[PDB]
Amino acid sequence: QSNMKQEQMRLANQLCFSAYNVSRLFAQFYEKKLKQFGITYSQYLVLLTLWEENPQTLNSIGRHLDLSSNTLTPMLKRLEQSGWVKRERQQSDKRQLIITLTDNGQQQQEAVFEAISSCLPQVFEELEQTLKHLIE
């Protein structure tokens, strides 16, 4: 048991430190490649889900990105100020706030995808559940 236990801890450290390094490299990569569009990574995530489902209520975006309304509201206005999306609230029923891509916001999807796709040269959900438990 002792020899196998020591080796499992070594493999745990090895894998988790690799991912630890990747967290730093990803942050630099996205900052460098998204600069040309004037958007942050979280803004890019908003555009990411809008390009899959458009339009979307802010509550729908928060459910996709696991982000609160207090987090989305500032940057949703930043994407509207930069011309990516439009904001208009319903006057009945759920009273929700609808986010809709502009014409320019929709066209630029391929250019954004191309700038990011190089992250790879030409399972995760189980770790996300376990890691979240360890942190909280």
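Numbers follow the displayed sequence, beginning with 1.
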Does the deposited sequence hold unmodelled residues between residue 122 and residue 123, and if so, how many: none, 1 to 3, 4 to 9, or 10 or more? 10 or more
On mean C-alpha B-factor from the PDB entry, just flag whether 40-48 or 93-101 is the higher one. 93-101
I need to verify one thing: averaged over C-alpha atoms only, is the B-factor higher for 112-120 or for 14-22? 112-120
Of the choices 69, 106, 54, 28, which one's C-alpha carries the largest B-factor in the record? 69
How does residue 85 rank on Cα B-factor within its chain, lowest, middle or highest third? middle
Could you tell me which third, lowest, middle or highest, the C-alpha B-factor of residue 61 occupies within its chain? middle
